[PDB]
Amino acid sequence: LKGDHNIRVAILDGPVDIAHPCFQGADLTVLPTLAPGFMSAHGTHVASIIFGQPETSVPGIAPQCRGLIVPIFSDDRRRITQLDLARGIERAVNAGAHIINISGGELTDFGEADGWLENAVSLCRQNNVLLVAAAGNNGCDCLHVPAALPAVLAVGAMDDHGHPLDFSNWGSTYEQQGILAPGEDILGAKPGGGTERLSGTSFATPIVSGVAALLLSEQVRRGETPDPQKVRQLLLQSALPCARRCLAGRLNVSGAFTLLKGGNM
């Protein structure tokens, strides 16, 4: 119940401290940084939530999955453009990612995006790759991209008691394609060593990516072809009611696994 090395999860972000103790034993491949917001800038923390090893300072959700660390920057100090993100997504698709985790995003009018990014996200849809992205922390009837784009799984933040956090964005498109996941005081690794608990849709997002990876890993165990876009559908269909701030509902892992096996909740 800890993942499968045949299931590939990509982290698209800023720098990731792969020397952190929690990644000792993790199956992590770092794609090279190429020649010349969307970066959460919590790359180490985000990655640890999925791939942190059992018995280390950060136990991850899917420590047996194959991780791909994909830089979406050339220089970490420069604004990440939509083309920077698009190229990162394409690199992740080309590397065989099943799931692509984007803990960053930008606030928009109503989820519009320019051509490069729209096309990169459509490529995921066309190739059955699941993009999971942070809803944003503006606390309004608001949409981020890539979270609000077609076939993306948007992720909002709820507290320990299952209530939406006030900062988590709740624009209407999220009602069809967003779910709430734990996003208050989520444990993760600090670059340079140590750990910390942080709050935000950036941390809720990798929880969902990790759960999606576990669902795909169970498909493998069942002798079924991994199906990232069906997994998105199952996470949405199994989400529990809390009203607009609930999005499609609250992440429901047991319900998702029940639906995965064709059961009923």
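Each remark here, short or long, concerns the structure printed above.
As drawn, each chain counts its residues from 1 in written sequence order, possibly unlike the entry's numbers, and residues without coordinates are not displayed. Here the side-chain values reflect all heavy atoms present in the structure, with hydrogen atoms and water set aside.

Caption draft 1: Representation of the overall build of the protein chain. Counting its secondary structure elements, the protein chain contains seven helices and 11 strands. Against the 2.2 N^0.38 benchmark of 18 Å for 265 residues, the protein chain shows a C-alpha radius of gyration of 16 Å, consistent with a compact globule. Taken along the three principal axes of its C-alpha coordinates, the protein chain extends 45 × 40 × 35 Å. Expressed as a percentage of its 265 residues, the buried residues of the protein chain come to 55%. To measure how exposed things are, a 1.4 Å probe is used in the Shrake-Rupley method; for residues, cover is taken only from the protein chains shown. Carbon and sulfur atoms provide 47% of the accessible area of the protein chain, an area that totals close to 11200 Å². Side-chain charges of the protein chain comprise 19 positive and 25 negative groups, with the mean position of each set lying 5 Å from the other. Here a strand is any run of E in DSSP of at least two residues, a helix any run of H or I of at least four, and the numbering for each starts at the N terminus. Put simply, the radius of gyration uses C-alpha atoms, and a globule should come to 2.2 Å times the residue count raised to 0.38. Remark: exposure states derive from per-residue accessible area (1.4 Å probe, protein chains only) relative to the maximum for the residue type, with buried under 20%, exposed over 50%, and partly exposed in between. Counted as positive: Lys and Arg. Counted as negative: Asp and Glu. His and the chain ends are not counted at all. Charged groups are reduced to one reference atom each: NZ for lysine, CZ for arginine, CG for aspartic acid, CD for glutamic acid.

Caption draft 2: The sheet that holds strand 4 (residues 99–102), seen in detail. Spatial ordering of the open sheet is given by 2-3-1-4-6-8-9, a layout of seven strands whose pairing is parallel. Every interior strand has two partners, whereas the edge strands, strand 2 (27–30) and strand 9 (178–182), have only one. Strand-to-strand, the axes of this sheet are offset by a mean angle of 25°, without reference to chain direction. The pairing of strand 8 (residues 153–158) with strand 9 spans five bridges and is parallel. Counterpart to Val155 in the pairing with strand 9 is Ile179. In the packing of helix 5 (residues 201–221) onto the sheet, contacts are made with strand 1 (8–13), strand 4, strand 6 (130–134), strand 8 and strand 9, and the angle to strand 8 comes to roughly 125°. DSSP-based pairing: two strands are paired if at least 2 bridges between them are found. All axes here are fitted lines through C-alpha atoms, helices being fitted over the stretch that makes contact, and every angle between N-to-C directions spans 0 to 180 degrees. Contact between two residues is taken to exist if any of their heavy atoms lie within 4.5 Å; hydrogens are not considered.

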